[PDB]
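The form deposited in one PDB entry is given below as one chain in structure tokens.
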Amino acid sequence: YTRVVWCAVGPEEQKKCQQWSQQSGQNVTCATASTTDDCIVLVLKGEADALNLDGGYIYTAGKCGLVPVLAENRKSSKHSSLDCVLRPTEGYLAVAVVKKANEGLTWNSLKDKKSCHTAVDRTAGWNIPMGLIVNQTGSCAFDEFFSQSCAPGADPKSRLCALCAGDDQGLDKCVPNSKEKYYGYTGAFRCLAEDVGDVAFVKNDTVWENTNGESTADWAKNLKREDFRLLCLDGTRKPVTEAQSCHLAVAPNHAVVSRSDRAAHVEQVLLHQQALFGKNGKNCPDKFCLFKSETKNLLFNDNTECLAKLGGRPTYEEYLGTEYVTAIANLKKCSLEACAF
């Protein structure tokens, strides 16, 4: 038992982590890096213990020997009497979203159009859709498929960063942290919402949490579901209500990882942390709520009900599942057995 050092990605996560730190009596402390990759490195080194990660990063981290510990769990309909911490995770739907007004734009006419990605190496924003495109075009030149994009994490001076905007001042353009205006699920959807891009690769949930009054953000308060369409892989367009029948894939939930030798320890502390600041926790919303950051998805997704135990002590390949791991492998041949660091 003891203190857990969390790794925050960028200045906004840092500010929230510090709040969490103060409220916890320093039972959790904070380290900060500029990218998710740097955070993986801090954990490897032992300078940080844990962070929450999208599936695409669970993959990077796993080659380097880090393990899944607890997974994000959101509101469910199947598997009903079980307590949240013990309910199995559902996964989320990776979808491609466009404006209704942009008529005649289908999966089969995406070439040379403008795109919005959560960030390079992420599941819904990059791995799935780009894996799909490489496989469909028989080419590895996925950097030449779209005319312009905002793909946080690519080369700032490449076309994959042409549509990114940086921070309030124009700095940090295309950085894969929340300082970049078009970063993450929310940033990518905003990129489409403001007609900077033609299509956004996000998840089912993002469309719903940022339309019809669900978000009071300047850019989203007037957004309406009917104004959006999902691009299905059979060439059709469907309303956002039909995501169960019109998605690119189902993604494994974001999860907390740590070095294997710290797993038990990290797990113990966080379960107690969530009993205090989680969905129905003792001090939320009284003093501090771990799963809220006003639609910004800082440290955790805002729609998380709880962090769930992984039943069955998964390796990272089992957590991701065989379907998703094959996809990432085949796509990374474009740009076997080794840790990136």
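So that there is no doubt, residue numbering starts at 1 and follows the sequence shown.
A second form of this protein, the form solved in complex with a partner chain, is not displayed here; the remarks below concern that form.
- Interface residue among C306, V67, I40, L70, judged by heavy atoms within 4.5 Å of its partner chain in the deposited bound form: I40.
- Of the residues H272, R313, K63, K282, just one reaches its partner chain in the deposited bound form with a heavy atom at 4.5 Å or closer; this is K63.
- Taking the partner from the other structure, its partner chain in the deposited bound form has no heavy atom within 4.5 Å of any heavy atom of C289.
- The closest heavy atom approach of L44 to its partner chain in the deposited bound form falls within 4.5 Å.
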